[PDB]
Amino acid sequence: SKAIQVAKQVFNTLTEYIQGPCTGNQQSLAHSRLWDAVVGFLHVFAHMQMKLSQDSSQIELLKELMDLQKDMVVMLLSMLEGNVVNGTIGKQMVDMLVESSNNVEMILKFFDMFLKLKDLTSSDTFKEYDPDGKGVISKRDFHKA
């Protein structure tokens, strides 16, 4: 937990060098080894989000991993805010998505799991499946539903 907070707080002070769109300060950062640092950070997130979503002892930890995951993309959102269309900084950001192809799809397929959780719970074909409604359904009837 203490190793994430320093990576989060160093990510915040990377945004503030960029945000008010000082264009030279995002030229000289796009030519650095920033992209190598954020390529490896996704590789942590795609693997870690599965295995810490197995017990409630890690779900205290996973919120801090989720919080850094939000705090990473706010930075590279702030690199894009001076583009035109086929802009240079727009091109390289696809490059660290293609040179990091295989690992960005684990989190997208991870977010699809819990986004469908609301309406299946909000579907009356499921709402009266085992119970009427109390805080309890089943495992085997929850399986087939």
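Residues numbered from 1 in each chain as written, not as in the entry; some residues may be left out. Part of a larger assembly, values for the part shown. Heavy atoms only, no water. Residues with missing side-chain atoms left out of burial classes, pairs and counts.

For this deposited structure, the header cites cryo-EM as the method used and 3.7 Å as the resolution.

Visitor: How should I be thinking about the nonpolar core in this particular structure?
Guide: If you look at soluble globular proteins, the nonpolar side chains tend to sit buried side by side. One finds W35, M72, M79, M93 and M96 to be the most contacted residues of the largest nonpolar core, which totals 21 residues. Looking at this core, the elements that each hand over two or more residues are helix 1 (2–15), helix 2 (23–30), helix 3 (34–51), helix 4 (56–77) and helix 5 (88–98). Sort the elements by how many residues they give to this core and helix 4 lands first, with 6 residues. (Core = buried A, V, L, I, M, F, W, Y, C linked by side-chain atoms within 4.5 Å. Buried < 20%, exposed > 50% of the residue type's maximum accessible area, 1.4 Å probe, protein only. Helix = DSSP H or I, 4+ residues; strand = E, 2+ residues; numbered from the N terminus.)

Visitor: Is there a simple way to think about a nonpolar patch on the surface in this case?
Guide: Where nonpolar side chains cluster on the molecular surface, the patch consists of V94, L97 and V98 and spans about 230 Å² of accessible area. Within the fold, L97 resides in helix 5. Classification of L97 by relative accessible area gives partly exposed; the value is 37%. (Patch = residues over 30% accessible without salt bridge, like charges linked within 9 Å, V, L, I, M, F, W, Y side chains within 5 Å. Areas by Shrake-Rupley, 256 points an atom, 1.4 Å probe, with all protein chains shown as cover. Salt bridge = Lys/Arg side-chain N within 4 Å of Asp/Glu carboxyl O.)

Visitor: Looking at this model, I keep getting lost on the side chain of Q26. Mind explaining?
Guide: Within the secondary structure, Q26 sits in helix 2. Once residues within four sequence positions are removed from consideration, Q26 is found in contact with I18, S78, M79, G82 and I89. (Contact = heavy atoms within 4.5 Å.)

Visitor: When you look at helix 2 in this model, what are you seeing that I'm missing?
Guide: One full turn of an α-helix is made of 3.6 residues, so residues set three or four places apart face in the same direction. Of all the positions in helix 2, only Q26, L29 and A30 are classed as buried. Viewed along the axis of helix 2, the buried residues span an arc of 95°, placing them on a single side of the element. Against the buried residues of helix 2 lie helix 1, helix 3, helix 4 and helix 5. (Arc of directions from axis to C-beta.)

Visitor: I keep staring at the packing of aromatic side chains and nothing clicks. Help me out?
Guide: The way to describe two aromatic rings as a pair is by their centre distance and the angle between their planes. One pass over the full model with this rule turns up 6 aromatic pairs. By the ring-pair criterion, three or more aromatic residues cluster together here, those being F11, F41 and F45. (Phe/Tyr/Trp six-rings, centres within 6.5 Å; stacked < 30°, edge-to-face > 60°.)

Visitor: Looking at this structure, I do not really get the layout of surface pockets. What am I missing?
Guide: Gaps between atoms show up when a probe of the same size as a water molecule is rolled over them. If you add up the space inside the largest pocket, you get close to 200 Å³. Around the largest pocket, the lining comprises 13 residues; the ones closest to its centre are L42, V73, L76, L97 and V104. For the lining of the largest pocket, the secondary structure elements donating two or more residues are helix 3, helix 4, helix 5 and helix 6 (101–115). Residue composition of the lining of the largest pocket, by class: 12 nonpolar, 1 polar and no charged. Approximately 160 Å³ is the volume found for the second largest pocket. Every residue along the wall of the second largest pocket is listed here: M113, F114, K116, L117, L120, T121, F126, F142 and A145. Per element, the largest residue contribution to the lining of the second largest pocket is 3 residues, and it comes from helix 7 (residues 117–121). (1 Å grid on protein atoms, 1.4 Å probe; cavity = no way out; pocket = protein on both sides within 12 Å on 5 of 7 lines; lining within 4 Å. Points joined across faces, edges and corners; volume = space filled by probe spheres on them. Nonpolar A, V, L, I, M, F, W, Y, C, P; charged D, E, K, R; others polar.)

Visitor: Help me out: how do you make sense of the side chain of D71 in this one?
Guide: As for its placement among the helices and strands, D71 is situated in helix 4. Among buried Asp, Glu, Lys and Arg side chains, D71 stands out as unpaired, with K8 the closest opposite charge at 5.1 Å. (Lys, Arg positive; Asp, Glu negative; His and termini not counted.)

Visitor: What is the right way to look at the environment of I18 in this model?
Guide: With respect to the helices and strands, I18 occurs in the loop between helix 1 and helix 2. Each C-alpha atom, one on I18 and one on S78, is 6.6 Å from the other, the two residues being 60 residues apart in sequence. When residues no more than four places from it in sequence are discounted, the contact partners of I18 are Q26, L29, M75, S78 and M79.

Visitor: What is the right way to read the packing of helix 3 against helix 6 from this model?
Guide: If you want to describe how two helices pack, look at the angle between their axes and the distance between the axes. The N-to-C vectors of helix 3 and helix 6 enclose an angle of 40°; their axes lie 8 Å apart at closest approach. On the basis of their axis angle, the class for helix 3 and helix 6 is oblique. As for how helix 3 packs across helix 6, the hand of that crossing is left-handed. Judged by residue contacts, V39, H43, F45, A46, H47, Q49 and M50 of helix 3 engage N103, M106, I107 and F110 from helix 6. The residue inventory of the contact of helix 3 with helix 6, partitioned by class, reads 7 nonpolar, 4 polar and no charged. (Axes fitted to C-alpha atoms, helices over the stretch in contact; angles between N-to-C directions. Parallel < 35°, antiparallel > 145°, perpendicular 65-115°, else oblique. Left-handed = near helix turned anticlockwise from the far one by under 90°.)

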